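As structure tokens, one chain now follows by itself in the form deposited in one PDB entry.
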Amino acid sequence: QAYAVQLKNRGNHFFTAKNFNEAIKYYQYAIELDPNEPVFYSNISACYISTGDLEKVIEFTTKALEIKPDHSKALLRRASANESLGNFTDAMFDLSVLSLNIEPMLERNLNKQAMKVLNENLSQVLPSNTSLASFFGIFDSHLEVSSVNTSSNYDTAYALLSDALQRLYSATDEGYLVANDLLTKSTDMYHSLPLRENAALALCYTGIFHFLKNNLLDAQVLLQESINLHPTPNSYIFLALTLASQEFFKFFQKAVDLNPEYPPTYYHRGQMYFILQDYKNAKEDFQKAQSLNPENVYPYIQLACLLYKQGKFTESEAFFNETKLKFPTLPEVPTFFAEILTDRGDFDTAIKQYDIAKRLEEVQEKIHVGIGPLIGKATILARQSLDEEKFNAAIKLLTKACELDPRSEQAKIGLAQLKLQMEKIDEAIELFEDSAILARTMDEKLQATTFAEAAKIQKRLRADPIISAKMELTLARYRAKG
């Protein structure tokens, strides 16, 4: 034992002078006298990483870790050689064990893994019914259905298009699936074929559905085609949304030119002004939308929301109250108000407003706010929760929301984070992975894939009794120290 230490120190001398071959020779000498010492194997791996033999690093760190599984230098070296070799999951596992005895190394490996899995996964599906009802909420449903021209002598596809629009504007689960289906059919039929006006209408709505399905290129193609056939406010609005400031506002002026009295033109432009912090022009556009369609709840909602974002909560609350008196049965009112209240930190009143909205949504024949209230209440309850009643209540609401609107990535992500918190990790992974498929942008997809890949490491850590015990002890100690 003692002579083996002397030999290791001789090896250390050769290591310091960058004579790695002589160092390994002395460390192996030490192993021949005392093979139960992890440091000897660990020291050999330092020689192999300095020369660049990553495969041997893994061999010798592993031999160290087979003796002493918490050996910090051998864990760090093994993770380094694993990362270099592209074994990110293996690196993440060693770094997690090390973290229990680094954080940017773990994150780097997670991001390398998530990026890898997303690319493999990448080499037709509608958004949630809730999102669809929200998107189409501003439109005058009678006007849109009635916009189909029946006076043609050659159009054999008008009646199918009429049906597609009726089903779309029914604002139902089945209606959106049927509309998507019949709209694609109509577009094919119009390509084969008042007719030009109907063709542009079919292409316009098929175009926006492509935008909503995340087919941005297919959206622009059918929309520009629609404009070429018979330009309408809708087609310019829809193309401007597909391409989202200078160009956006150019398209909206073209929309304005075609019909200065079309309410959704000013609503959608007001939304852009709102996002761009131009509160003056946003207000003026929402007021234009309201005057042109005083029966639509959404312009009122946005004017109230504007008052809040400008720091006038009292005036906002009063505007919401005034809106309540005009629209007493519409869940949109308490839903957006509950969003304001949550943001203001008033969780008690937000829950009450979400309860009202849930009740109003249940009695409506059409979808208005969908699962919005369920997500909203559950997110508050989960945040308010050691409080097992509120946590399990949040689980029940999000499970219900996932069941009612299966294509909602928001609901799945919400439920998964909670499943993960209660160590239902397999369930969390599945939910995260389904959320990645449903996710829209590249960053949202990578985000959901990142959650899944991180969750799989947690699963792997939890499967080991010793690591699992260590993890639980860490949490227990943290809570006790608090």
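One-based numbering along the sequence shown. For the two forms, the rigid core is made up of the largest set of C-alpha atoms that agree within 1.5 Å on superposition.
If you look for the form deposited in another entry, you will not find it shown, but the lines that follow are about it.
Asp405 shows a C-alpha shift below 2 Å between the shown form and the other one [criterion: core-superposed Cα displacement of 2 Å]. The rigid-core alignment places the CA of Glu430 less than 2 Å apart between the shown form and the other one. Remark: with the core as the superposition reference, the CA shift of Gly86 between the shown form and the other one reaches 2 Å or more.
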